[PDB]
Participant: 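Below is the structure I would like to discuss, written out as structure tokens.
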Amino acid sequence: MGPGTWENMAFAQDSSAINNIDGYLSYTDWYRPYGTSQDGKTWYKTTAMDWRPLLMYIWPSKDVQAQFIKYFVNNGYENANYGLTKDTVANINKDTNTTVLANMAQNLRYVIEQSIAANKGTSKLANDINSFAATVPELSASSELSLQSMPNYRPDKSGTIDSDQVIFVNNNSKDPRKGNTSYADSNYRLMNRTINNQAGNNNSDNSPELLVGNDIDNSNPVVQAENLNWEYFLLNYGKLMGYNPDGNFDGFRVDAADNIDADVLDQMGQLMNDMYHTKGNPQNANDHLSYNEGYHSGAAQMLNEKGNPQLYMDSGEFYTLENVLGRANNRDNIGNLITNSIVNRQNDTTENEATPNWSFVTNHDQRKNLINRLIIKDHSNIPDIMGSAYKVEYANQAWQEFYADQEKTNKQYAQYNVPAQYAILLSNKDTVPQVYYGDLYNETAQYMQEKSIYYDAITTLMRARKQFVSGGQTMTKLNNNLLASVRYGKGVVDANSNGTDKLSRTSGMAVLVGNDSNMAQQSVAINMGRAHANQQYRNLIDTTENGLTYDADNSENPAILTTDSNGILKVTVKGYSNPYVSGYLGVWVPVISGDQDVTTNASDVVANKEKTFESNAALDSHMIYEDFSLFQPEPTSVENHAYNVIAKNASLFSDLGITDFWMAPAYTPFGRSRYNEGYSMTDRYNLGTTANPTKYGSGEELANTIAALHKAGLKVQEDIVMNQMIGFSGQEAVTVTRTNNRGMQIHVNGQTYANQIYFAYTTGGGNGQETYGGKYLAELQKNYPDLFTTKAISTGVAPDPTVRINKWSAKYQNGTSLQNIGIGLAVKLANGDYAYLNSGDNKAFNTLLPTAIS
Ligand SMILES: OC[C@H]1O[C@H](OC[C@H]2O[C@H](O[C@H]3[C@H](O)[C@@H](O)[C@@H](O[C@H]4[C@H](O)[C@@H](O)[C@@H](O[C@H]5[C@H](O)[C@@H](O)[C@@H](O)O[C@@H]5CO)O[C@@H]4CO)O[C@@H]3CO)[C@H](O)[C@@H](O)[C@@H]2O)[C@H](O)[C@@H](O)[C@@H]1O
Ligand SMILES: OC[C@H]1O[C@@H](O)[C@H](O)[C@@H](O)[C@@H]1O
Ligand SMILES: [Ca+2]
């Protein structure tokens, strides 16, 4: 033919001239037409570099075509000579005649080609297309139907939106109206097999499958084998990388244990017993301490029934501590500290009975909830403030407000009675307590550079624990708002024991806590036990008008008091109100001359063939340290990499009685993630290089840090994160449905969608996954064949080591939180059929394209 409008056709019907996603077309993608023109008269053939946006040629409707013409004429593509002025376009809409819309669009393409010529490139055009697309609901975030759009929405302090999800469903249809994404089909995706619902027949926990990100299908037997690979890797990190050969993790902090198929918890425990013989061997179990993060109390029962392969997280204790001691007003009664925990501590005088557990005053997420509350307070009328309208400047403002408020007596945001919360935590029996980095240090400064105001109080309590805390526990109300928590000492079982250990006489502790700042002054009697008659006690911590004293300076009691002939200690107390105490805090320990360490060895406790973890004096001797904050800043030098600062201070952590060091998730972070902390990772096996460190440092540094912690006598756990990955660079065409956090379809303001092609980011994993994914499966099968013959509960089948995961894609994923791309990107023709490019491996339908690009 002669030259003309037919040159709008695609240069060729394949991937060399039409971008596509598994054969489907996206309205925001570009294509190479055969030719282009600036006036409709002279037409120029296209080089391989001359690509154009599809939104110049096709649209999902007449409405959107009219908006496009309108928008471009109002943003630099006005030309009176081609019938395109602000006046000529002001009234056009979906009901404008078809032939004049097509004419206006053709003339606009000429006007656009003139702009491309003038600007010597498509750079401005590309920005104008992106700016236009953001104003069209079906081509942008709002059509995904966020809960944030609801009238008078209240943002959630968690900073995630639980019900903003989509599931990936099967679709092997031959109907072009439904499309086909069969490469992403699965025989698994068993969702919500969480905690006691592992077998699908007890949802008394109602714990959700979905949190945030791309949710991994931990019911897929190939995925379950890959988790064993990943565990084995981390447990031998340093020697498998050729880095420090003692730079190997000893165990795991298990992220999101309530939100993944519980099979993986059974399987992790099995692996670690195969490798280290933990079951029935407290010394081996305790050397490989592992503990599960969760806020559902039903996990205690689950873990007991399983023989306790990991520690239960006692969140009840945290909420009790905050409700009793931490509020400004409407404090719960002091007695709740006795009863409202997974362990009742009224008179706790036995061992191997309580649910093995870990407890805390603060963790990284709880500090975040406070900071996000503050952000929401500071910037009301911004409903999506916790989603896409979040700005780091709001966090900075909140942190400045927090540090100021933390120093006040009348705190508006920060917790009251932080020292007393710790005094209870670190004296409690039948728990492994967990101290938070950000309660010892100002967590937004460079790593460990600024001590927190609570550093002195908490570190005093930490050292005394190692020296003194052992034996039975009794907690007793002395009045309606004040309590004494007493430990009787190593080898002292209860208040009536004489003591059976050489350290019995000189160990034990009394912690006095009240939560009424107006409490009248009075005397109180504390029962130290029969092993502690006529004995001198030191005033470790007492309260003063302005704070705490560590040497009985200007407090109600002197530096030493002595018990009577029955073991009763007599003490004076009253209510105070200062930045450290709202109520009262007192701590008493026996006076001693030298060093003392009351740790009980695991070789000396009762072994039980059916238990891994047992709550006894040996396990109680452990203390966990959370080494990070979400708001930890990017380092300013190699010397300030957390890993190097940590290695340098190894002896400090040992001196504070820390036995188990919880290291942040060390994985390569998604660069655009909110915090760059490691839970939003793109590569599960790359833990940073010298050229490209993570927030915390390089892999080589990590291995040296672990070795240095081992040299100081500590064991080290890695935060293992099976639930989600975030930041995949590869898009895939998936078939999806709008759901809540359990994968059940919902409506949002009366609207919904189901079985729709969505161009989600799903594919990636980095070179770490390529190299290390499944690498160790052959050897694990050779050494521990039972791992791949034991039928898992949720599926009834063993993990499958015959397939290696070198690259993640949707077939291994349950779904995703909303990705802010739009549900209408997928090109449909007028009749509703999906457009499709039959090329290469994409054979699902015959090539079918819009008529505008022939
Ligand atoms: O073209 C731009 C960009 O596009 C792609 O990336 C899109 C990305 O979308 C999805 O991930 C986003 C997610 O859906 C959002 O909810 C949001 O996640 C936030 C949380 O909202 C936030 O609270 C926090 O989460 C942490 C918790 O607070 C904490 O308690 C603990 O549990 O750790 C959590 C994990 O960090 O931070 C996350 C992360 O910011 O933002 C997400 C994206 O930032 C989808 O899952 C991703 O796979 C998609 O990549 C391209 O990938 C990208 O290359 C391109 O530049
Ligand atoms: O942004 C669209 C881009 O698509 C690529 O496939 C082309 O090679 C680029 O020249 C073009 O600009
Ligand atoms: Ca999950």
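Atoms considered below: every heavy atom in the structure, side chains included; atoms not considered: hydrogens, waters and symmetry mates. Each ligand, and each atom within it, is numbered from 1 in the order the structure gives. In what follows, residues are counted from 1 in the order of the sequence shown.
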Participant: Hey, does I18 have a side-chain heavy atom less than 4.5 Å from the side chain of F11?
Facilitator: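 With C-beta onward as the side chain, the pair stays apart.
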Participant: Does either side chain, that of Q397 or that of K391, offer a donor lying less than 3.5 Å from an acceptor on the other one?
Facilitator: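 The criterion, which ignores hydrogens and geometry beyond distance, is not satisfied for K391 and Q397.
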Participant: How about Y71 and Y77: are their ring centroids closer than 6.0 Å?
Facilitator: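 No, they do not, as the ring centres are separated by 6.0 Å or more.
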Participant: Give a yes/no on ligand 1: does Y390 have at least one heavy atom closer than 4.0 angstrom to it?
Facilitator: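 For ligand 1, residue contact (heavy atoms, under 4.0 Å) with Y390 is absent.
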Participant: If you count the atoms of ligand 1 from 1 in the order shown, which ones are under 4.0 Å from a heavy atom of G159?
Facilitator: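 So the answer, numbered in order with elements, is 20 (C), 21 (O), 22 (C), 23 (O).
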Participant: Does the protein place a non-hydrogen atom closer than 4.0 angstrom to atom 36 (O) of ligand 1?
Facilitator: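 Yes, because at least one protein heavy atom sits under 4.0 Å from atom 36 (O) of ligand 1.
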Participant: Going by the atom numbers of ligand 1, which of them fall below 4.0 Å from some non-hydrogen atom of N214?
Facilitator: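 Near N214, meaning under 4.0 Å from one of its heavy atoms, ligand 1 has 45 (C), 46 (O), 47 (C), 48 (O).
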Participant: Sub-3.5 Å donor-acceptor pair from the side chain of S359 to the main-chain atoms of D314, do we have one?
Facilitator: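 No, because the side chain of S359 does not come within donor-acceptor range (under 3.5 Å) of the backbone of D314.
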Participant: So which of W358, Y625, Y436 actually passes ring pair (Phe, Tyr, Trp, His ring centres under 6.0 Å) with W662?
Facilitator: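 Only match with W662 under ring pair (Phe, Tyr, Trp, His ring centres under 6.0 Å): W358.
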Participant: Would the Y836 and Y24 ring centres measure less than 6.0 Å apart?
Facilitator: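 That pair passes the under 6.0 Å test.
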Participant: Taking only heavy atoms of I726 into account, list the atoms of ligand 1 that are under 4.0 Å away from them.
Facilitator: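 Close to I726: 11 (O).
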Participant: Is the distance between the ring centroids of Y312 and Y291 less than 6.0 Å?
Facilitator: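 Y312 vs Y291: aromatic centres not under 6.0 Å.
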Participant: Does a side-chain heavy-atom distance below 4.5 Å link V111 with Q38?
Facilitator: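 No, their side chains stay 4.5 Å or more apart.
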Participant: For atom 6 (O) of ligand 1, what's the nearest protein heavy-atom neighbour? Residue, atom name and distance, please.
Facilitator: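 The protein heavy atom lying closest is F670 CZ, 4.1 Å.
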Participant: Indicate whether atom 9 (C) of ligand 2 is within a distance of less than 4.0 angstrom of some protein heavy atom.
Facilitator: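 No, no protein heavy atom sits under 4.0 Å from atom 9 (C) of ligand 2.
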Participant: Hey, is the main chain of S839 close enough, under 3.5 Å, to the side chain of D14 for a donor-acceptor pair?
Facilitator: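 A pair under 3.5 Å: no.
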Participant: Among all the protein's heavy atoms, is there at least one whose distance to atom 55 (C) of ligand 1 comes out below 4.0 Å?
Facilitator: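 Given the 4.0 Å limit, the answer for atom 55 (C) of ligand 1 is no, no protein heavy atom qualifies.
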Participant: Within the structure, does at least one protein heavy atom fall under 4.0 Å of atom 31 (C) of ligand 1?
Facilitator: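 When distances to the protein are checked, atom 31 (C) of ligand 1 has a heavy atom within 4.0 Å.
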Participant: Can you list the ligand 2 atoms lying under 4.0 Å from a non-hydrogen atom of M49?
Facilitator: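 Matching atoms, with element in brackets: 10 (O).
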Participant: Where the closest heavy atom to atom 4 (O) of ligand 2 is concerned, which of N19, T28, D50 has it?
Facilitator: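 Answer by nearest heavy atom: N19.
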Participant: Starting from atom 4 (O) of ligand 1, which protein heavy atom do you reach first, and at what distance in Å?
Facilitator: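 Nearest neighbour among protein heavy atoms for atom 4 (O) of ligand 1, to 0.1 Å: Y761 CE1, 4.1 Å.
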Participant: Might you check, step by step, whether the distance between atom 19 (C) of ligand 1 and some protein heavy atom is under 4.0 Å?
Facilitator: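 Protein heavy atoms within 4.0 Å of atom 19 (C) of ligand 1 - there are none.
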Participant: Does the side chain of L228 reach to within under 4.5 Å of the side chain of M268, using non-hydrogen atoms?
Facilitator: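 Side chain of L228 against side chain of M268, heavy atoms only: no contact under 4.5 Å found.
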Participant: Looking at atom 3 (C) of ligand 2, what's its closest protein heavy atom, distance included?
Facilitator: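 Looking only at protein heavy atoms, the one closest to atom 3 (C) of ligand 2 is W51 CB, 4.6 Å.
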Participant: For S673, is at least one N or O under 3.5 Å away from an N or O on ligand 1?
Facilitator: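 Not met; the criterion fails.
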Participant: Are any of the N/O atoms on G727, whether in the backbone or the side chain, positioned under 3.5 angstrom from an N/O atom of ligand 1?
Facilitator: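 N/O-N/O distance under 3.5 Å: yes.
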Participant: What angle, to the nearest 10°, do the atoms OE2 (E209) and OD1 (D215) form about the Ca ion (ligand 3)?
Facilitator: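 That angle is 130°.
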Participant: For ligand 1, indicate whether the residue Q724 contacts it via side chain, backbone, both or neither (heavy-atom separation under 4.0 Å).
Facilitator: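 It is neither; nothing of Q724 touches ligand 1.
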Participant: Under 4.0 Å from a heavy atom of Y679: which atoms of ligand 1 are those, numbered in the order shown and with their elements?
Facilitator: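 Numbered from 1, ligand 1 contributes 31 (C), 33 (O), 35 (C).
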Participant: Checking contacts now, so for atom 43 (C) of ligand 1, which I'm interested in, is there any protein heavy atom under 4.0 Å?
Facilitator: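 For atom 43 (C) of ligand 1 the answer is yes, since some protein heavy atom falls inside 4.0 Å.
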Participant: Heavy-atom contacts with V212 under 4.0 Å: which atoms of ligand 1 show up? List them by number with element.
Facilitator: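 Once the distances to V212 are compared, the set is 16 (O), 18 (O).
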